[PDB]
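Peer 1: Can you read through this structure? Questions will come right after.
For neighbour counting, all protein chains shown are included, and Cβ atoms are generated from backbone atoms with ideal geometry for every residue, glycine included. Rule-based calculations on the coordinates, nothing more; no lab input.
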Amino acid sequence: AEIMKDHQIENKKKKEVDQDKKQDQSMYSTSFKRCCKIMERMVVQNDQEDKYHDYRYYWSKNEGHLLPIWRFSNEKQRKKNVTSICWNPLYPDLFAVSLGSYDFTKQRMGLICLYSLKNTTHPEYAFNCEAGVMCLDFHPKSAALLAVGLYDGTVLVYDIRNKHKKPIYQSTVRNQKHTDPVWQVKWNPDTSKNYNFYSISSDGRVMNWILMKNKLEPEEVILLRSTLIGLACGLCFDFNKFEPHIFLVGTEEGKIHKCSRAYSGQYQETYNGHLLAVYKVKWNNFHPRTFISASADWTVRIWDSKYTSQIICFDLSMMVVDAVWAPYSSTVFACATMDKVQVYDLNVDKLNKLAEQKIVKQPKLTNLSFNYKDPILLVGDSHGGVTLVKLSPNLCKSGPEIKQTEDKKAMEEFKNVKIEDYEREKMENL
Amino acid sequence: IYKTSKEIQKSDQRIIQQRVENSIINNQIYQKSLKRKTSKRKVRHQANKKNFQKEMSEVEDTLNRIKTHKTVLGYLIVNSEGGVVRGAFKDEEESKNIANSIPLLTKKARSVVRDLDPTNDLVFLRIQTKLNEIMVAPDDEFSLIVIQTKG
Amino acid sequence: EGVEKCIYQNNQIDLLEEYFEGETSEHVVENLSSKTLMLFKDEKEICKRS
Amino acid sequence: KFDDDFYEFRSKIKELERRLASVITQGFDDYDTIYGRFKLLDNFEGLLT
């Protein structure tokens, strides 16, 4: 205290106005709130200690084992479907799943819930929306920025930091918001031009949204556009990490189209392999010009951008809902179909699925997501329950010899090299 | 006109209370408290009022949720001055004993942490007994104590 | 061994971290606003004077 | 050999022209006035590909 008196710089704040009010709810608010939040997690931690100990290190030859650990769901939100799932770039523990309503004929309000790994009893953040949220995404540079896509094409921007929880930005008829439903929404990595928002509507008009002050500016990147009436419907869109200009957009028609930001009215290439609408198209990690697409027709196909046809096609009796590449290692992907989730590694097996599991018997899986930080897969049920399953240690990169050649470059180069070698083998077979 | 005048006065009072509230939804606990303090001329009515004595679900809601959680005997808040702000236990004797005995141990425990490093201050303390686990969260304004049976 | 067992449980998750602690809302849309402070007008002038 | 280079060069000019069409279209929408849009046309009067 004497030292503070000696040096009167930045006098301590936190003036004791406090809460007062005498009775009927004195104090019980910010320093005390942190203690209560810590206490709730500690009580949950003791009960879930057996599960928590297994999650930290249970440690799960061509075999795969998947174990569901916890399921997060709300009885009130049981009608809502899981739909889009995302993980904050800044914190591996925080992942947000935005509930949405499928089947079209039945429409209900969708609640966006961010579930922290520390507390699984209830969502860390709860958001109420007029219509079900089709897609939810997090900006890579800032965890707080959140992109939300809802029915009637409304685009919602939410900041986690804001206490009020009202949408930071919205899309209106004057802002040229697209019609139908925006199935896929993504955040552009580049921050030079403020913040760029990419949204693909059911009508089929790629929309680029730039954050402004009390206003949003929308720019149409491309038009889906043949003896047919109206614009082609697009159910998904993805941007190659290696090249920003080239982006792949899926369509309801069933033909995947590679697109370039520079040419609004031109298509770089078109793939006619799929016979039904492709639910999700994603570029493979650690390699360029390669991607995996999941379609309504129950087949999963891996394509090469240079080629006009899918290099490998996987047939599943149950309809395929979505396919996601593994962030940790290339040539690893997970497909969830009719309560069955299957993970395939090209090196481990040419065609046979390494592992097949059913995390929840009662509900169909709306969507599945992959965590970059650890080998944990999030699966979303039809009832909105979200369950995370940790993958086995049998599948790993640089597996022929452990710690062989000591190549730091190989983690981001040998994986790229391995897919090319695998790709060459497919060409020889065909 | 006297009644009319009275009505007008009431209206005026109501307006003053609002200001920040701006009518609309019943909203906020903090706002209500402020109104009660500063001006006590008028109270109640105005709008729906949501749920009575529920200014904020989040700290109050979280405390209710932990109490509802299975295997938790109860959560008792201890006032900085050896007092029970809120008590939630099956037997008064256990709550009364916990209310006086637990804070004294935490203060003694805080000093033990304090002796090793002066800058370091107690953030959370957990004592595990053979049959029960005791968790105490200490803050200058309030202390939160929860007893949960080990699984 | 008992001390080691305690170390493993705490190591799994920090359990005290606060997501987005401290940092505020940052950018927040602001509407431009105009507030008339006062009005000055001539009184009982013949006709009107601009 | 020169003819093969020309075809490769022909694609490059088309790529250059395609980018110009996009930037030119964005600028016309942005001005929002007949006088402003016309001024842009005069600048690119000899630049039409």
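Peer 1: What does the average come to when, for each residue of peptide B:76-84, you count the partner chain Cβ atoms lying within 10 Å of its Cβ?
Peer 2: 1
Peer 1: Could I ask something else about it? Using only the Cα atoms of the range A:124-259, what do you get for the radius of gyration and for Dmax, in Å?
Peer 2: Spelled out, the Cα radius of gyration and Dmax of the range A:124-259 are 14.8, 52 Å.
Peer 1: Charges on Cβ only, +1 for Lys and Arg, -1 for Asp and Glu, centred on the Cα centroid of chain A; of A:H53, A:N11, A:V281, which one is farthest towards the dipole's positive end?
Peer 2: Going by the charge dipole, the pick is A:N11.
Peer 1: Let me ask something additional. Given R₀ = 25 Å, FRET efficiency for C:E26-B:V123 by Cβ-Cβ distance, to 0.05?
Peer 2: Approximately 0.35, to the nearest 0.05.
Peer 1: With 10 Å bins from zero, work out the P(r) of chain C over every alpha carbon pair and list the percent per bin.
Peer 2: 14, 16, 14, 12, 10, 9, 9, 6, 6, 3, 0
Peer 1: Something else now. Cα atoms only, chain B: Rg and Dmax in Å?
Peer 2: Considering chain B through its Cα atoms, Rg and Dmax are 22.1, 76 Å.
Peer 1: Rounding to the nearest 20 debye, state how big the charge dipole of the range A:259-395 is about its Cα centre with +1 on each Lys and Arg Cβ and -1 on each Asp and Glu Cβ.
Peer 2: Using only the charged Cβ atoms, the result is roughly 180 debye.
Peer 1: Sort C:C47, A:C396, A:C35, A:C233 so that the residue with the fewest other Cβ atoms within 10 Å of its own Cβ comes first and the one with the most comes last.
Peer 2: C:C47, A:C396, A:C233, A:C35
Peer 1: Could you tell me the convex hull volume per residue, in Å³, taken over the Cα atoms of the range B:1-65?
Peer 2: 93 Å³
Peer 1: Give me the inter-chain shielding for A:354-366: mean count of other chain Cβ atoms within 10 Å, whole number please.
Peer 2: Averaged over the peptide's residues, the number is 0.
Peer 1: While we're on this one: Whose amide H sits under 5 Å from the amide H of A:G110, counting only residues 5 or more places off or on another chain, with H placed in the peptide plane?
Peer 2: Counting only residues 5 or more places away or on other chains, the set is A:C129, A:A131, A:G132, A:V133.
Peer 1: Longest span of chain B, sites excluded, free of trypsin sites (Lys or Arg not before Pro) in DSSP loop with at most 15 other C-beta atoms within 10 Å?
Peer 2: B:91-129
Peer 1: Please determine, in degrees from 0 to 90 and to the nearest 10, the orientation of helix C:2-12 with respect to the longest principal axis defined by the Cα atoms of chain C, where the helix direction is its Cα long axis.
Peer 2: With rounding to tens, the tilt is 30 degrees.
Peer 1: Give me the distance in nm between label points sitting 7 Å out from Cα along the Cα-to-Cβ direction at A:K373 and C:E45, one decimal.
Peer 2: 7.0 nm
Peer 1: Please find the FRET efficiency linking A:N74 to B:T71, where r is the Cβ-Cβ separation and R0 is fixed at 25 Å, and quote it to the nearest 0.05.
Peer 2: My answer for the efficiency is 0.70.
Peer 1: Identify, among B:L34, B:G82, B:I98, the residue whose Cα sits farthest towards the positive end of the charge dipole of the range B:1-135, taking +1 on the Cβ of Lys and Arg and -1 on the Cβ of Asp and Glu, with the dipole about the Cα centre.
Peer 2: B:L34
Peer 1: Averaged over A:18-27, how many beta carbons belonging to a partner chain fall within 10 Å of each residue's beta carbon?
Peer 2: 5
Peer 1: In whole angstrom, note down how far apart the Cα centers of the range A:17-37 and the range D:35-49 are.
Peer 2: A separation of 66 Å, based on Cα centres.
Peer 1: Ok, one more. Would you mind computing, in nm to one decimal, how far apart the modelled labels at B:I25 and B:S80 are, each placed 7 Å from Cα along Cα→Cβ?
Peer 2: Between B:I25 and B:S80, the simple spin-label model gives 3.3 nm.
Peer 1: Please arrange A:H178, A:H65 by how many other C-beta atoms lie within 10 Å of their C-beta, fewest to most.
Peer 2: A:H65, A:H178
Peer 1: Projecting each Cα onto the charge dipole of chain A (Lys/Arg +1, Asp/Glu -1 at the beta carbon, about the Cα centre), which of A:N194, A:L388, A:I160 comes out farthest on the positive side?
Peer 2: Comparing the listed Cα positions along the dipole, A:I160 ranks first.
Peer 1: Take the alpha carbon atoms of the range A:315-338, find their center, do the same for chain C, and report the distance between the two centers in whole angstrom.
Peer 2: 42 Å
Peer 1: Run the paramagnetic zone check for A:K350: 7 angstrom along Cα to Cβ, then residues of the range A:285-303 with backbone nitrogen under 19 Å.
Peer 2: Answer for this model: A:300-303.
Peer 1: Given 25 °C and 0.890 mPa s, how large is the Stokes-Einstein diffusion coefficient of the range A:247-366 in µm²/s, with Rh as the Kirkwood radius over Cα pairs?
Peer 2: 166 µm²/s
Peer 1: If you don't mind, there's one more thing I want to ask. For the range A:50-119 and the range B:97-142, what is the separation of their C-alpha centers, rounded to whole Å?
Peer 2: The range A:50-119 and the range B:97-142 have Cα centres separated by 35 Å.
Peer 1: Hey, got a sec? Which trypsin sites (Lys or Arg not before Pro) in chain C land in a DSSP loop and have at most 12 other Cβ atoms within 10 Å?
Peer 2: Taking chain C and a limit of 12 other Cβ atoms within 10 Å, the loop trypsin sites (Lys or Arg not before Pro) found are C:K35, C:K41, C:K44, C:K48, C:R49.
Peer 1: Work out the FRET efficiency for D:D5 and B:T149 from their Cβ-Cβ distance, taking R0 = 60 Å, and round it to the nearest 0.05.
Peer 2: Efficiency computed from Cβ-Cβ geometry: 0.15.
Peer 1: Now a separate question. Calculate the dipole size of the range A:55-176 relative to its Cα centre from +1 charges on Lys and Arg beta carbons and -1 charges on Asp and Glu beta carbons; express the result in debye to the nearest 20.
Peer 2: Value, rounded to 20: 260 debye.
Peer 1: Still on this structure, I have one more. DSSP loop trypsin sites (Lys or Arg not before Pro) in the range A:330-425 with at most 10 other Cβ atoms within 10 Å of their Cβ, which ones?
Peer 2: For trypsin sites (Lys or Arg not before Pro) across the range A:330-425 that sit outside H, G, I, E and B with at most 10 neighbouring Cβ atoms in 10 Å, the list reads A:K361, A:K403.
Peer 1: Taking the inverse of the average 1/r across all pairs of different Cα atoms in the range A:146-219, what Kirkwood radius in Å do you get?
Peer 2: By the Kirkwood definition, the hydrodynamic radius is 12.4 Å.
Peer 1: Where in chain D are there trypsin sites (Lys or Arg not before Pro) that are in a DSSP coil and have at most 11 other Cβ atoms within 10 angstrom of their Cβ?
Peer 2: D:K1
Peer 1: While we're on this one: Taking Cα atoms, how many degrees apart are the long axis of helix D:2-31 and the longest axis of chain D, rounded to 10 and kept between 0 and 90?
Peer 2: On a 0 to 90 degree scale, this one is about 10.
Peer 1: With the crude spin-label approximation of a point 7 Å out along Cα→Cβ, what separation in nm comes out for C:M38 versus B:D12?
Peer 2: Calculated label separation equals 2.4 nm.
Peer 1: Need one number: convex hull volume per residue for the protein assembly as shown, Cα atoms only, in Å³.
Peer 2: 325 Å³
Peer 1: Treating only the Cα positions of the range A:275-430 as identical point scatterers, give the base-10 log of I(q)/I(0) from the Debye formula at each q in 0.08, 0.10, 0.20 Å⁻¹.
Peer 2: Results for the range A:275-430 at q = 0.08, 0.10, 0.20 Å⁻¹ read -0.23, -0.36, -1.36.
Peer 1: Return the sequence-ordered ³J(HN,Hα) values of the range A:20-31 in whole Hz as given by the Karplus equation 6.51 cos²θ - 1.76 cosθ + 1.60 applied to θ = phi - 60°, using x for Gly and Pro.
Peer 2: Per-residue couplings from phi come out as 6, 6, 6, 9, 6, 2, 4, 6, 6, 7, 8, 4 Hz.
Peer 1: Where the only charges are on Cβ atoms (+1 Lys, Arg; -1 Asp, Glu), what is the dipole of the protein assembly as shown about its Cα centre, to the nearest 20 debye?
Peer 2: 3160 debye
Peer 1: I would also like to ask the following. When a/c reaches 1.5 or more, the comparison of a/b and b/c decides; with that in mind, is chain D rounded, prolate or oblate per its Cα gyration tensor?
Peer 2: Prolate, because a/c is 1.5 or more and a/b exceeds b/c.
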